[PDB]
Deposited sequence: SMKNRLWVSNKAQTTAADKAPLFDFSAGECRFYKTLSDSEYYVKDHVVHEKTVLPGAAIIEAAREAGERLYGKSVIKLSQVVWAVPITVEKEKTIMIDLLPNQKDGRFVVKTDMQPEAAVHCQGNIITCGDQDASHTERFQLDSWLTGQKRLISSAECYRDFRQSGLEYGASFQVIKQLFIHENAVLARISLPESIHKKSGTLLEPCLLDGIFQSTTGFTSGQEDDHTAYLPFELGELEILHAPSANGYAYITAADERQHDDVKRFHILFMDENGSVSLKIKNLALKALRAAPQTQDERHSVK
């Protein structure tokens, strides 16, 4: 580029539809709602478009209650420059008094940024578990809580419940067509969030639905695999906090989630 501009503020617009799989198959208390994870990928795409470089981190994310999407609904993502980085604000109504559905910081990688890799020792966590939760149990419990995940979002195949950790096997369904540009598939990322249910499910009498409320940091080391494992620990009421690593079957870590907070709905 002969003129390598610095971008100022910019608003991006997208009309969501319940025709899209990430809406129609995400039913919360009998309503189709945009998953909070989808807002993360939308912010990442807007940032990559405006700044012309990879977004490697999203931090200090805060969610309101999910955006309900019945037929069409237009969302606005406002990107505000913060030095080389940016911050985003997501709304559906324009007036200043209107609710912010999601907000957070965008961090881009620089031209000379270094390559850093992380590896997880998976083997010991595939055996010795206290309890094993099958996909069928996991999503029956979710539905009894009011979280009716369609097949596209049924990505958890097994939960290994250990004493102080949960290992979740995750696999994207063949049905969804994953675009080359889509780094964070909403169903993948929501399934990573879902896997905290290995902790929050609790008693058989408890049918509480927990949804994303805050996220300290999401770090992208590289494009996530369609199949892999999430390793979840409690970060340490109505709010539950966790750290999560997402990795491929050989322990190559693709995503790091620090301080994911979910709140009872």
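In sequence order, the deposited residues that have no C-alpha coordinates form the ranges 1-20, 257-260, 290-303.
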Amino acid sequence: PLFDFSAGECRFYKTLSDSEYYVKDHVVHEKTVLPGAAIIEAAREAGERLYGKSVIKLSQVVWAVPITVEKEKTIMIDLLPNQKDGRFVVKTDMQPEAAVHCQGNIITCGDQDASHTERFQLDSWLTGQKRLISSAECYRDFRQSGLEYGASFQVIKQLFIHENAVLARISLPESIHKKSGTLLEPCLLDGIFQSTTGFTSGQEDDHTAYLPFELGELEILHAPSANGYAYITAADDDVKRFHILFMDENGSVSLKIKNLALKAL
From here on, numbers count along this sequence of modelled residues.
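Stretches compared: 152-160, 83-91. Higher mean C-alpha B-factor in the entry: 83-91. For the pair 165-173 and 180-188, the record assigns the higher mean C-alpha temperature factor to 180-188. Looking at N105, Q194, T117, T74, the one whose CA carries the top B-factor in the deposited record is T74. Per the PDB record, residue ranking by Cα B-factor puts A7 in the middle third of the chain. Per-chain ranking of the deposited C-alpha B factor places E217 in the lowest third.
Sorting the modelled residues of the chain by their CA temperature factor places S135 in the lowest third.
In this PDB entry, the Cα temperature factor of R49 sits in the middle third of its chain's modelled residues. Annotation for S254: C-alpha temperature factor in the lowest third relative to the rest of the modelled chain, per the entry.
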